[PDB]
Number of protein chains: 2
Amino acid sequence: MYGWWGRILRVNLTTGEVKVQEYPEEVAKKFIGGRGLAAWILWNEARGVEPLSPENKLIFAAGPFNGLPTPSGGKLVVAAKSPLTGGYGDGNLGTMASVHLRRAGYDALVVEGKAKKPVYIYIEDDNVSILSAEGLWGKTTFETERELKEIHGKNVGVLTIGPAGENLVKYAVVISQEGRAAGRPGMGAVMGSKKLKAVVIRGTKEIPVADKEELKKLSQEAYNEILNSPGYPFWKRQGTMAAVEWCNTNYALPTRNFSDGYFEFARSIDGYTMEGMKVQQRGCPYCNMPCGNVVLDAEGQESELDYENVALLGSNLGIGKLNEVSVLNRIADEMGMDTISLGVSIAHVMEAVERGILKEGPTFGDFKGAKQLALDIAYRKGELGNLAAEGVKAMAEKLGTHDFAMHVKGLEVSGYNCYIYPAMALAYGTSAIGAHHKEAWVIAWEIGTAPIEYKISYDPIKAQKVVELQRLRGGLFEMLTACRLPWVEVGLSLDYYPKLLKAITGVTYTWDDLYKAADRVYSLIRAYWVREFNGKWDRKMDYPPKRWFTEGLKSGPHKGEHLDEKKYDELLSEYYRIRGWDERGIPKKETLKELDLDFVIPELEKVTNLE
Amino acid sequence: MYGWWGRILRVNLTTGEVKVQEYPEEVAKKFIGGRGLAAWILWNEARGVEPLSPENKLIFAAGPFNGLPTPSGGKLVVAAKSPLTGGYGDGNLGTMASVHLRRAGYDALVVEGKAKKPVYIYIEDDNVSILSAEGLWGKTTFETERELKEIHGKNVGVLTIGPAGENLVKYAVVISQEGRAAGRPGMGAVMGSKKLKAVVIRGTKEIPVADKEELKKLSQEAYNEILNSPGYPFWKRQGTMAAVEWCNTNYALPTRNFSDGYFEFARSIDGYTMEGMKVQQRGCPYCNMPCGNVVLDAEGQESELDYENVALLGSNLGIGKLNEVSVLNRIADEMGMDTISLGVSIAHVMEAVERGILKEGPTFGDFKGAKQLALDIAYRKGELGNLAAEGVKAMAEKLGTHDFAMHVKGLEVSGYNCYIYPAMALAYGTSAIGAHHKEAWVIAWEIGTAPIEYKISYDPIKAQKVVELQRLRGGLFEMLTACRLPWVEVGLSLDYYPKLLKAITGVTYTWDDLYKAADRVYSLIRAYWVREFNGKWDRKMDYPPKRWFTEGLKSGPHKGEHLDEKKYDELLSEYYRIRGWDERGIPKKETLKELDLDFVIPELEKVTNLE
Ligand code: SF4
Ligand code: SF4
């Protein structure tokens with residue numbers, strides 16, 4: 001076997017047992033890695049488990065591209081049954097831990113059980129130990145990684161959780177290298193529930209490559225193509241922050257809990273403003289187009305800015321000064337909580353306060369109040385911090401505020417306001433893990449323009465475009481696993497991927513093979529949700545928030561415009577037709593058989609009727 | 001088996017293999033623990049090795065008293081073939097590592113081999129790992145322990161080496177809890193030679209004891225006997241520092257490389273001065289008479305003062321301000337170098353400089369110059385610092401200054417100047433590990449008074465006294481292994497010891513059994529020296545420094561007086577007569593047989609003729 005090790009590191013925190021599981025080359029070829037491998041593991045090992053119980057499996061899954069010098073191939077997938085959504089949950093982050101896990105001889109790391117006290121997992125090739133982290137517990141993510149490196153050396157990959165993870169904030173994430181984050185659906189809370197403070201990894205092994213020279217050649221070509229792309233200069237300057245102006249121009253910038261798609265103060269929180277306050281730039285392993293832009297916040301502290309962070313903690317909160325939004329951003333990284341769900345939870349509180357629903361709490365534009373709430377959420381201080389720490393779905397159940405609860409499947413909607421964007425609304429509605437733009441950022445195509453540089457339509461071809469994008473963004477890139485931005489942003493040819501894959505693994509994958517592996521992952525993931533939800537499931541699970549159907553844009557040429565539910569419903573049926581799912585969004589028996597998921601049928605039938 | 005576990009933790013840094021060695025209860029009964037067990041291990045496993053080579057064995061040996069709540073029972077022996085003397089070397093320190101090692105299920109820890117890069121050993125009960133210490137290398141002992149606890153928590157025992165150990169200073173030691181030190185004969189250099197930066201230990205097991213109720217009863221009585229002793233109040237005030245005035249009054253205070261036994265500025269570095277500058281008091285585990293007296297030095301830094309540190313870095317260097325001596329003391333602790341050998345080496349340089357033998361270097365009374373040289377020794381910076389880092393024996397050979405090289409067997413003489421004290425000179429001459437007062441502080445008995453509160457003689461009875469004290473101090477207390485101070489200083493009855501040993505192990509030891517066990521250890525150690533010296537050995541190996549014969553006291557009523565060679569030689573023969581050793585200081589065959597050391601005979605016969 002080349003590329004894949006066929007090895008998965010297993011750590012049981014309850015028993016202290018550490019072992020290496022060998023999985024068949026057939027499974028590796030069939031699921032490829034990252035999310036695929038994770039979905040296979042969770043389907044088999046997390047049936048009916050409580051997300052915060054010792055039985056949940058915390059998975060760190062790499063893929064064949066990882067550990068090797070592949071173009072922006074320093075990504076890693078973190079997965080577990082989600083404490084926020086109750087379904088399959090995952091996330092991705094660039095981190096040296098990805099390079100080291102693979103160079104240490106493993107394709108993935110699976111943590112089960114729960115330690116008796118705070119501990120961290122140490123991995124140096126074949127030497128794996130569960131060590132006491134009593135001294136680290138309570139420290140920020142930044143401080144935890146800094147201290148671990150002060151002991152073991154700079155040459156290690158470190159994954160940590162901060163107080164939000166330790167306190168089981170439902171959208172707590174895993175942090176690496178002060179800025180890289182993974183696991184919006186609460187991977188950080190699953191990590192915290194096991195009393196797992198960090199993971200330190202070092203690898204030195206040579207990963208067996210089927211064609212060393214092709215690999216080295218293809219990689220050099222791709223790097224050069226990136227360096228020579230016309231978008232490279234502007235990408236180097238603004239990175240994802242170029243989307244603030246682009247979204248504002250197109251009425252897609254979430255403003256005041258998604259109330260409007262335009263923000264009057266977007267310029268003072270945009271990419272140009274960011275350029276003027278940038279002090280450093282860093283990136284993920286093996287990437288020659290770094291986009292981790294670091295600024296100084298209002299308190300003079302370094303903060304790494306990404307578009308989503310700014311959109312959800314800036315315009316979405318009615319906060320118009322980038323230096324202030326940057327303080328909130330830093331807090332999220334330090335505490336280890338998702339900037340998106342954090343911002344949407346805060347915005348939800350702000351709307352409830354302005355409406356008189358909540359007697360106390362911050363209002364839109366209130367930076368000091370937003371900062372205090374962010375901190376109270378991470379430390380679960382007071383009734384408000386505790387409520388908001390649960391996310392908008394849970395919070396809305398308690399407050400009767402479902403009308404303005406911006407989420408899909410319990411996962412908070414990200415940085416694109418879709419009052420007039422049917423395809424993007426469908427992307428959020430059908431995202432495998434819950435509302436996220438990860439799997440299909442189709443709004444650009446719907447508009448005809450993109451950040452590096454209108455008539456509302458429900459054409460069934462939009463459902464086809466979303467499935468196509470999900471195959472690449474929610475499948476391929478989450479399985480390799482590698483950054484999708486070189487392709488998305490600078491236009492690196494997708495042809496490099498199946499070639500790099502054969503050069504590495506020696507297996508020839510055609511685009512249809514890849515499209516099929518991605519579809520298998522999608523149906524398996526959906527199957528997981530259906531099974532864990534005990535068959536209680538229908539098409540409404542794939543609907544975007546009610547706000548986009550009952551309210552419209554508040555300003556500009558498109559004022560009053562919104563989504564037509566009837567037409568959205570028809571577009572959803574088209575999505576199901578293309579995926580081979582029934583009108584409830586559940587995979588059909590024939591579809592499962594065709595995707596080599598026969599094993600799913602018996603289990604799903606114990607819970608509902610299949611078609 | 002009670003008391004002893006009969007288990008030794010084994011760590012091979014070259015191969016990375018960790019295993020547990022079981023040894024018979026008969027060996028445990030025979031050698032008891034600590035130095036006894038260490039001597040057994042070195043005899044069998046450090047045969048013909050280079051002290052700084054991977055084959056040398058670094059031993060951390062505890063005894064049956066350790067890990068249990070025994071009066072001042074938190075001591076630990078650190079042993080290995082010495083890079084300073086070439087013979088058997090060991091030292092002792094109080095440390096929570098002692099409590100933890102034994103509660104983790106081990107009687108001792110033996111480290112062999114050499115790591116490719118800096119590492120530290122982590123022990124938590126049965127979970128043992130070799131971890132990267134690449135970020136730690138180069139840090140002071142204080143900072144190393146502090147950082148390790150910032151990761152693993154406060155409930156651990158830690159042993160570290162500082163830059164002096166890393167740089168292989170010949171008298172580098174192992175440090176714990178910013179003040180406790182062990183291994184004057186270079187144990188820190190052996191540790192540094194293996195690229196072992198630290199040992200972190202945690203133990204939670206219940207150590208099996210034969211009679212828990214009697215152990216509890218005896219310990220409470222002993223603790224109360226200490227509290228209620230007439231010497232307790234003055235001890236709590238001055239600790240070992242009371243010896244500065246006592247030695248000065250009796251012309252035993254090493255002054256200017258032992259040139260005199262009287263120092264004109266002794267009051268300014270004495271116990272009363274120490275009391276006026278004490279800011280804290282620390283101690284070893286399970287001790288109710290803590291003696292780690294912490295003062296602020298001339299630089300406002302904390303420094304724990306012990307008599308020897310002050311005598312050898314103060315009066316011995318012509319430095320009369322305690323705050324300045326405390327700066328040197330702190331450097332010795334931070335760097336991890338023996339204060340005694342450091343001071344004697346610096347003192348040697350000062351005399352050579354003032355005699356014009358050395359053209360560059362500090363002179364007596366030169367604090368600034370002494371500080372710079374101490375730092376240069378730790379970092380092996382320059383010709384002078386590298387030379388002094390070798391110790392006086394090696395340094396004297398190069399400079400041809402043997403006439404004033406104060407050492408015995410290559411270990412520098414400690415804090416008692418013996419121009420007029422034959423028994424104490426015999427104590428230094430016959431000390432099992434080289435010049436040290438550890439095994440027999442007979443000078444107090446020789447004069448008739450003690451710090452806690454004369455006509456020179458060579459009576460044969462003085463050799464008997466030295467043997468008796470060696471049995472207790474170099475044997476019993478190094479085997480239990482427990483602090484000898486409660487007995488020496490406040491008069492704790494020695495009768496508690498055999499009784500406590502019985503309550504713990506279930507085995508009865510009469511005083512004759514203990515004397516025999518101690519004599520067995522003394523002959524096995526002497527046999528190790530002879531064998532490692534390839535048979536090149538004679539009575540002059542047990543001679544005190546030449547200066548005590550060729551010069552006399554420079555002050556007071558005893559001005560001009562010194563030791564007589566012929567008379568000392570007869571006293572030494574009396575010592576051998578009592579020990580059953582021949583006129584070359586080598587154990588006789590019948591003595592070895594009597595002490596159950598038959599196995600030693602064949603090995604000694606390959607290098608010399610036995611009697
Ligand atoms: S483009 Fe940005 S997110 Fe992608 S690998 Fe490079 S630094 Fe990481
Ligand atoms: S008397 Fe001093 S050296 Fe002995 S155990 Fe107590 S604190 Fe340690």
# chains A, B, ... in the order shown; residues from 1 in each chain; ligands from 1
>>> interface_residues(of="chain A", to="chain B", cutoff="6 Å", atoms="only C-alpha atoms", output="count of residues only")
9
>>> residues_near_ligand(ligand="ligand 1", cutoff="7 Å", atoms="only C-alpha atoms and all ligand atoms", output="compact mmCIF listing (two decimals) with N, CA and C atoms, in the first residue's frame")
# COMPACT_ATOMS: atom_id res chain seq x y z
N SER A 72 -0.57 23.47 -0.51
CA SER A 72 -1.50 23.79 0.58
C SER A 72 -2.13 22.51 1.14
N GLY A 73 -1.30 21.48 1.31
CA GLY A 73 -1.81 20.21 1.79
C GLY A 73 -1.57 19.98 3.27
N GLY A 74 -1.59 21.06 4.05
CA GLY A 74 -1.36 20.95 5.49
C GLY A 74 -2.63 21.00 6.34
N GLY A 94 -5.72 24.02 9.22
CA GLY A 94 -4.38 23.85 8.73
C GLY A 94 -3.56 23.83 10.01
N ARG A 282 0.81 34.89 8.22
CA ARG A 282 1.24 33.52 8.37
C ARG A 282 0.27 32.60 7.66
N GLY A 283 0.60 31.32 7.57
CA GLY A 283 -0.28 30.38 6.88
C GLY A 283 -0.16 28.95 7.33
N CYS A 284 -0.88 28.05 6.65
CA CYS A 284 -0.85 26.62 6.98
C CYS A 284 0.38 25.95 6.33
N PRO A 285 0.74 24.74 6.78
CA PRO A 285 1.91 24.05 6.20
C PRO A 285 1.82 23.84 4.69
N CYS A 287 1.95 25.80 2.11
CA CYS A 287 1.18 26.72 1.29
C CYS A 287 2.05 27.91 0.94
N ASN A 288 2.10 28.24 -0.35
CA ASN A 288 2.88 29.37 -0.81
C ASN A 288 2.03 30.62 -1.09
N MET A 289 0.76 30.57 -0.66
CA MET A 289 -0.15 31.71 -0.78
C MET A 289 -0.82 31.96 0.59
N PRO A 290 -0.01 32.19 1.65
CA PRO A 290 -0.44 32.44 3.03
C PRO A 290 -1.54 33.47 3.10
N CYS A 291 -2.57 33.18 3.90
CA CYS A 291 -3.69 34.11 4.03
C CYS A 291 -4.05 34.46 5.49
N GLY A 292 -3.24 33.98 6.44
CA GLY A 292 -3.46 34.28 7.85
C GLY A 292 -2.95 35.69 8.14
N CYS A 483 -6.26 22.30 1.18
CA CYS A 483 -6.96 23.57 1.06
C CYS A 483 -7.61 23.74 -0.30
N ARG A 484 -8.87 24.18 -0.28
CA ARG A 484 -9.63 24.38 -1.50
C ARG A 484 -9.42 25.77 -2.08
N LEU A 485 -8.81 26.68 -1.31
CA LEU A 485 -8.61 28.05 -1.77
C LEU A 485 -7.69 28.26 -2.97
N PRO A 486 -6.66 27.40 -3.16
CA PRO A 486 -5.84 27.69 -4.36
C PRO A 486 -6.71 27.62 -5.62
>>> select_by_dssp(residues="range 261-470 of chain A", states="strand (DSSP E)", output="count of residues only")
18
>>> atom_distance(atom1="CA of residue 436 in chain A", atom2="CA of residue 42 in chain A")
20.4 Å
>>> residues_around(residues="residue 542 in chain B", least_positions_apart="4", cutoff="10 Å", atoms="only C-alpha atoms", output="ChimeraX atom specification")
/B:408-409,425-432,434-435,537-538,569,572,584-585
>>> residues_around(residues="residue 439 in chain B", least_positions_apart="3", cutoff="6 Å", atoms="only C-alpha atoms", output="list in words")
residues 470, 473 and 474 of chain B
>>> select_by_dssp(residues="range 79-190 of chain B", states="helix (DSSP H, G or I)", output="ChimeraX atom specification")
/B:96-103,141-152,163-166,187-190
>>> atom_distance(atom1="CA of residue 379 in chain B", atom2="CA of residue 81 in chain B")
23.1 Å
>>> atom_distance(atom1="CA of residue 562 in chain A", atom2="CA of residue 550 in chain A")
7.3 Å
>>> residues_around(residues="range 389-397 of chain A", least_positions_apart="6", cutoff="6 Å", atoms="only C-alpha atoms", output="list in words")
residues 169, 170, 345, 377, 405 and 410 of chain A
>>> residues_around(residues="range 47-64 of chain B", least_positions_apart="2", cutoff="8 Å", atoms="only C-alpha atoms", output="PyMOL selection string")
chain B and resi 3-4+14+32-35+37-38+42-45+66-67+75-83+86+98+101-102+107-114+187+189-191+193-194+479-481+501+504-505+532
>>> residues_around(residues="residue 595 in chain A", least_positions_apart="2", cutoff="10 Å", atoms="only C-alpha atoms", output="PyMOL selection string")
chain A and resi 30+516-521+523-524+589-593+597-598
>>> write_last_selection(atoms="N, CA and C atoms", output="short mmCIF file (atom, residue, chain, number, x, y, z; two decimals), in the first residue's frame")
data_model
loop_
_atom_site.label_atom_id
_atom_site.label_comp_id
_atom_site.auth_asym_id
_atom_site.auth_seq_id
_atom_site.Cartn_x
_atom_site.Cartn_y
_atom_site.Cartn_z
N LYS A 30 -11.85 3.45 -0.82
CA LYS A 30 -13.27 3.76 -0.82
C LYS A 30 -13.64 5.09 -0.14
N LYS A 516 -18.14 9.89 -7.21
CA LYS A 516 -18.82 8.81 -6.54
C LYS A 516 -18.38 8.61 -5.07
N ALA A 517 -17.09 8.78 -4.80
CA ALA A 517 -16.60 8.62 -3.43
C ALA A 517 -17.20 9.73 -2.57
N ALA A 518 -17.30 10.94 -3.14
CA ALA A 518 -17.88 12.08 -2.44
C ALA A 518 -19.36 11.86 -2.15
N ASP A 519 -20.09 11.29 -3.11
CA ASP A 519 -21.53 11.01 -2.93
C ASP A 519 -21.75 9.95 -1.88
N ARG A 520 -20.82 9.00 -1.82
CA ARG A 520 -20.91 7.93 -0.83
C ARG A 520 -20.80 8.56 0.55
N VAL A 521 -19.81 9.45 0.70
CA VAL A 521 -19.60 10.15 1.98
C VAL A 521 -20.86 10.93 2.38
N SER A 523 -24.04 10.41 1.45
CA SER A 523 -25.17 9.55 1.82
C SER A 523 -24.93 8.86 3.15
N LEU A 524 -23.67 8.54 3.42
CA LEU A 524 -23.29 7.89 4.68
C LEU A 524 -23.52 8.89 5.83
N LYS A 589 -32.90 3.04 -0.92
CA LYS A 589 -32.20 1.75 -0.87
C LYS A 589 -31.33 1.51 -2.10
N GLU A 590 -31.87 1.83 -3.27
CA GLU A 590 -31.14 1.63 -4.51
C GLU A 590 -29.93 2.54 -4.61
N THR A 591 -30.03 3.73 -4.01
CA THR A 591 -28.93 4.70 -4.03
C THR A 591 -27.81 4.19 -3.14
N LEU A 592 -28.19 3.72 -1.96
CA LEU A 592 -27.25 3.17 -0.99
C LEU A 592 -26.50 1.98 -1.61
N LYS A 593 -27.24 1.07 -2.26
CA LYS A 593 -26.62 -0.09 -2.91
C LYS A 593 -25.62 0.35 -3.96
N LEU A 597 -23.10 1.16 0.06
CA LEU A 597 -23.47 1.43 1.44
C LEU A 597 -24.61 0.50 1.82
N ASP A 598 -24.55 -0.75 1.35
CA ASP A 598 -25.60 -1.74 1.64
C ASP A 598 -25.77 -1.90 3.15
#
>>> decode(residues="range 200-276 of chain A", atoms="C-alpha atoms", output="short mmCIF file (atom, residue, chain, number, x, y, z; two decimals), in the first residue's frame")
data_model
loop_
_atom_site.label_atom_id
_atom_site.label_comp_id
_atom_site.auth_asym_id
_atom_site.auth_seq_id
_atom_site.Cartn_x
_atom_site.Cartn_y
_atom_site.Cartn_z
CA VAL A 200 1.38 17.24 20.69
CA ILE A 201 2.68 15.42 17.61
CA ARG A 202 6.06 14.88 15.99
CA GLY A 203 6.80 12.65 13.02
CA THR A 204 10.00 11.71 11.20
CA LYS A 205 9.13 8.71 8.99
CA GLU A 206 9.23 8.64 5.18
CA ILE A 207 5.73 8.10 3.87
CA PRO A 208 5.85 5.52 1.00
CA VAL A 209 5.00 7.26 -2.29
CA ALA A 210 4.15 5.35 -5.46
CA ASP A 211 5.89 7.87 -7.76
CA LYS A 212 8.29 10.22 -5.97
CA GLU A 213 9.32 12.09 -9.11
CA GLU A 214 5.79 12.71 -10.43
CA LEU A 215 4.77 13.92 -6.96
CA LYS A 216 7.68 16.35 -6.76
CA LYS A 217 7.08 17.49 -10.35
CA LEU A 218 3.29 18.01 -10.09
CA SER A 219 3.78 19.87 -6.81
CA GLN A 220 6.36 22.24 -8.26
CA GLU A 221 4.07 22.94 -11.26
CA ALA A 222 1.08 23.74 -9.03
CA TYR A 223 3.15 26.02 -6.76
CA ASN A 224 4.42 27.93 -9.79
CA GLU A 225 0.95 28.22 -11.28
CA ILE A 226 -0.26 29.74 -7.97
CA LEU A 227 2.66 32.23 -7.86
CA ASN A 228 1.91 33.26 -11.44
CA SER A 229 -1.91 33.55 -11.21
CA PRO A 230 -3.35 37.01 -11.83
CA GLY A 231 -5.17 36.88 -8.48
CA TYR A 232 -2.07 36.14 -6.40
CA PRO A 233 -1.06 39.78 -5.69
CA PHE A 234 -4.48 40.82 -4.35
CA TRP A 235 -4.78 37.49 -2.52
CA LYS A 236 -1.51 38.25 -0.77
CA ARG A 237 -2.87 41.66 0.23
CA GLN A 238 -6.40 40.87 1.43
CA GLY A 239 -6.96 37.13 1.56
CA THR A 240 -10.57 36.27 2.45
CA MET A 241 -11.13 39.82 3.77
CA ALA A 242 -11.83 40.98 0.18
CA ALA A 243 -15.29 39.41 0.70
CA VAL A 244 -16.47 42.16 3.05
CA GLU A 245 -16.80 44.70 0.25
CA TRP A 246 -17.97 42.13 -2.24
CA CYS A 247 -20.76 40.92 0.06
CA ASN A 248 -21.77 44.46 0.96
CA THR A 249 -21.99 45.38 -2.73
CA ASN A 250 -24.22 42.36 -3.32
CA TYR A 251 -26.49 42.67 -0.28
CA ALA A 252 -25.11 39.44 1.19
CA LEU A 253 -23.23 40.85 4.21
CA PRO A 254 -24.97 39.62 7.40
CA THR A 255 -25.97 42.80 9.21
CA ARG A 256 -27.59 42.91 12.67
CA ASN A 257 -28.49 39.23 13.09
CA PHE A 258 -28.99 38.90 9.33
CA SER A 259 -31.69 41.60 9.44
CA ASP A 260 -30.15 43.25 6.34
CA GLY A 261 -27.52 42.39 3.74
CA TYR A 262 -25.91 45.81 3.79
CA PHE A 263 -23.89 47.55 6.55
CA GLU A 264 -23.41 51.36 6.54
CA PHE A 265 -20.01 50.98 8.17
CA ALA A 266 -18.57 48.12 6.12
CA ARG A 267 -15.58 50.16 4.93
CA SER A 268 -14.15 50.53 8.41
CA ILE A 269 -14.23 46.72 8.78
CA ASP A 270 -13.12 45.82 5.24
CA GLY A 271 -10.05 44.41 3.48
CA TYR A 272 -8.54 47.82 2.82
CA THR A 273 -8.84 48.75 6.45
CA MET A 274 -7.26 45.42 7.35
CA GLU A 275 -4.31 46.05 4.99
CA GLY A 276 -3.62 49.32 6.81
#
